[PDB]
Structures are given as C-alpha cells and as structure tokens.
Amino acid sequence: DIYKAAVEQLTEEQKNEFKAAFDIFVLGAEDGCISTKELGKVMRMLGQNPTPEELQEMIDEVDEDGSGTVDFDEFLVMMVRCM
Ligand SMILES: C[C@H](CCC(=O)O)[C@H]1CC[C@H]2[C@@H]3CC[C@@H]4C[C@H](O)CC[C@]4(C)[C@H]3C[C@H](O)[C@]12C
Ligand SMILES: C[C@H](CCC(=O)O)[C@H]1CC[C@H]2[C@@H]3CC[C@@H]4C[C@H](O)CC[C@]4(C)[C@H]3C[C@H](O)[C@]12C
C-alpha cells in the first residue's frame with residue numbers, strides 16, 4: 001500500500017530520526033506519564049511542528065485524575081481513541 005512505499009521512500013536520515021523519536025517517546029514514559037511536551041518533542045523529531053493545544057485536548061479528554069498528564073491506564077484509553 002501507500003504507507004509502505006512512503007516509509008520505503010524515507011531517507012536514511014529520516015529513518016534514524018524516526019527511531020530516535022520512538023526512543024524519546026519511551027524515555028518520556030519512564031517517569032510514569034506521557035505529557036504534551038513529551039509528545040511535542042517526539043513530533044519535532046518526526047519533522048513536524050508541535051500542536052500543543054490539540055495534544056492537551058486529547059490528554060484532557062481522558063485525564064481523570066486531573067494530573068494534566070496521562071498515566072498508563074489513561075494512555076490506554078487515549079490509544080483506543082486515536083485509532
Ligand atoms: C519498516 C520501516 C523500514 C522500511 C525499510 O525497510 O527501510 C521502518 C523505518 C522506521 C521504522 C519505525 C521507526 C520508529 C519505531 C521504532 C521501534 O523500534 C519499532 C517501531 C517503529 C514505529 C518503526 C517501525 C518500522 O521498522 C519502521 C516504519
Ligand atoms: C503509542 C501510539 C502509537 C505509537 C507509534 O506508532 O509511534 C500513539 C497513540 C497516540 C499517539 C500520538 C498522538 C499523535 C502525535 C502526532 C503525530 O502526527 C504522530 C505522533 C504522535 C506524537 C503520536 C505518537 C504515537 O503515534 C501515539 C502515542
């Protein structure tokens with residue numbers, strides 16, 4: 001399909017950046033949360049401009065403990081919502 005060709009068309013630079021981006025994603029959660037900032041940074045590494053407001057919204061809509069971030073259980077609900 002289209003996404004498979006797209007990833008195949010990535011430069012080697014972009015691929016090493018894409019992998020770093022996931023490394024940083026994982027590093028973010030090592031503290032038990034995923035925040036807007038953490039996600040902003042994964043996005044930058046992917047070459048995109050952060051969309052902090054849209055991220056906070058996605059967080060806020062599942063944020064039941066009022067932390068302003070997502071824990072593991074809130075991240076699961078967030079996950080089923082993107083897809
Ligand atoms: C499948 C292509 C490779 C295409 C090719 O053969 O060049 C690669 C290139 C970049 C790869 C992604 C980079 C970030 C992630 C790293 C993780 O550790 C494993 C899953 C992810 C999401 C990767 C999945 C997959 O491995 C991708 C999409
Ligand atoms: C964890 C899964 C899938 C992980 C993956 O395949 O990289 C999903 C659920 C919510 C996803 C994030 C929200 C959208 C974000 C906007 C970008 O347009 C693509 C990457 C980001 C930062 C996403 C990273 C990652 O795609 C997440 C956290």
Side-chain angles (χ1 to χ4, degrees):
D1 68 27
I2 182 69
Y3 306 127
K4 272 73 195 179
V7 300
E8 260 112 281
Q9 298 263 166
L10 296 169
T11 60
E12 195 211 352
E13 158 179 339
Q14 286 170 328
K15 293 197 293 199
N16 287 315
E17 275 161 1
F18 272 45
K19 160 89 160 78
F22 187 84
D23 282 349
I24 285 163
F25 186 40
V26 169
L27 226 217
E30 283 177 21
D31 56 29
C33 93
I34 284 299
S35 70
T36 292
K37 180 157 272 190
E38 266 149 9
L39 295 175
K41 176 52 167 152
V42 174
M43 291 188 67
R44 295 198 184 273
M45 179 74 35
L46 296 176
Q48 318 189 312
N49 288 317
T51 53
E53 186 199 300
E54 278 138 65
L55 293 176
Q56 195 59 51
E57 302 206 342
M58 183 196 316
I59 287 177
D60 283 346
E61 288 199 55
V62 304
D63 186 24
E64 355 159 67
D65 60 15
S67 70
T69 64
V70 298
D71 55 7
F72 194 168
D73 56 273
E74 295 175 2
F75 176 86
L76 296 170
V77 179
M78 196 177 89
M79 207 190 75
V80 291
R81 285 178 198 187
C82 158
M83 56 206 222

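Heavy atoms only: backbone and side chains are in, while hydrogens, waters and symmetry mates are out. Here, residue 1 is the first one in the sequence, and each next residue gets the next number. Ligands are counted one by one from 1 in listed order, and the atoms in each one are counted from 1 as well.
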So do the side chains of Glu64 and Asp73 get within less than 4.5 Å of each other, counting heavy atoms only? yes
Protein non-hydrogen atoms only, distance under 4.0 Å: does atom 7 (O) of ligand 1 have such a neighbour? yes
Atom 12 (C) of ligand 1 within contact range, any protein heavy atom under 4.0 Å: no
Residue, atom and distance of the protein heavy atom nearest atom 22 (C) of ligand 1 read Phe22 CD1, 4.9 Å
Could you check atom 2 (C) of ligand 1 against the protein and tell me its nearest heavy-atom contact, residue, atom and distance included? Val7 CG2, 4.4 Å
Starting from atom 4 (C) of ligand 1, locate the nearest protein heavy atom and write down its residue, its atom name and how far away it is, to 0.1 Å. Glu8 OE1, 4.1 Å
More than 12 foreign heavy atoms under 6.0 Å from CG of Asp65: is that the case here? yes
Is there a side-chain contact between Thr36 and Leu39 (heavy atoms, below 4.5 Å)? no
Protein heavy-atom contact under 4.0 Å for atom 17 (C) of ligand 1? yes
Heavy atom of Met83, distance to ligand 2 below 4.0 Å: no
Please check atom 20 (C) of ligand 1 for a protein heavy-atom neighbour under 4.0 Å. no
Is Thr69 close to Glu38 at the side-chain level, that is, under 4.5 Å between some pair of heavy atoms? no
Nearest protein heavy atom with distance in Å, relative to atom 5 (C) of ligand 1: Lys15 NZ, 3.8 Å
Quick one: does ligand 2 sit under 4.0 Å from the side chain of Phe75, the backbone, both or neither, non-hydrogen atoms only? side chain
Heavy atom to atom 14 (C) of ligand 1, shortest distance: which of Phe25, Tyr3, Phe18 holds it? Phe18
